[PDB]
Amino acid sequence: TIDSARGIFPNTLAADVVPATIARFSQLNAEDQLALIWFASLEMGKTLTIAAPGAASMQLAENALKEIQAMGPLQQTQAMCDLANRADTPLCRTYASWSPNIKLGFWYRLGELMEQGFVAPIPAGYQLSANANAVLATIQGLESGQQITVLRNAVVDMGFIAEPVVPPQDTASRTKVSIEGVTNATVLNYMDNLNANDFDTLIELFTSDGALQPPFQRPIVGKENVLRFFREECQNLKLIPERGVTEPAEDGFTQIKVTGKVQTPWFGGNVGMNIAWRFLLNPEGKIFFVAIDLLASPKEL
């Protein structure tokens, strides 16, 4: 079973504080949510700078952005609350149709306009609720890797269409990773092809019924689904695995675990996220299941 494979290398300690904090955040009042994120990014931006959104991304979020700017300050803040409350709204429906990167670039743009004053800002001297206060304190106590994940997910969870697929990296321009302990070809091809945005080659590593499980999400099942996931969300990452361990599995399978770091194009090398990959390969070396964990600490490798 795919669902059973979810339990390989059960010693792996994932940072479940992330979804735990996201759950707390979700309980909050809409204006409190917006205020909290404002407060958090304002303080993170002091040391971490967000990569400017892509051109195609901006073009796609341009209509919604203009519409909000045309609104009066009241309607502006009301439309932001709608996004936050996951209200049924034309704006929220369009927002929901966006890929994570477009949603992110959408809010990236609102944040500038708010600081400039052209869009209704978080009220001045605004005070967070008792609960909201605690949630922000928890966030600020987190590793940057976990901080940005918490923010990314809170944004993706709002609302009620993706970027263009960049061409695979030129073959001669590609680099190969090395993993202490792991020479397995599937694992190595996985890493290399993903770093080269070669999703077409990547997907061929999977079994037809194979699954990929992103951090704190359910397994994405089937080649069609996994490939869409690659094309919509997994562009321009930098996988930097370090060590791995190789073990036999039931029915002639092989389970491999690799730990290392990953970089998002949104923050580049300024935020190195601690990641574990858990592979379950069939006898022919096909990926039946691969899980990506955000690790609790560097103490997880």
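Quick note: we count residues from 1 along the sequence shown, nothing fancier.
- According to the entry, the stretch of the deposited sequence that connects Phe230 to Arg231 contains no residue lacking coordinates, so the chain runs unbroken between them.
- The stretch with the higher mean CA B factor, choosing between 91-99 and 126-134, is 91-99.
- Look at the mean CA B-factor for 269-277 and for 61-69 in the entry; the higher one is 61-69.
- The entry assigns its greatest Cα B factor, within the set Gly145, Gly141, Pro219, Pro121, to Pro121.
- Of the candidates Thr207, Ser178, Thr171, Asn189, the deposited coordinates give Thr171 the top C-alpha B factor.
- When the modelled residues of the chain are ordered by C-alpha B-factor, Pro164 sits in the highest third.
- Per-chain ranking of the deposited C-alpha B factor places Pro215 in the lowest third.
- Among all modelled residues in this chain, the alpha-carbon of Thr49 has a temperature factor (C-alpha) in the highest third.
- Ranked against the other modelled residues of its chain, the C-alpha B-factor of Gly260 as given in the entry falls in the lowest third.
- Sort the modelled residues of the chain by CA B factor and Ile37 lands in the lowest third.
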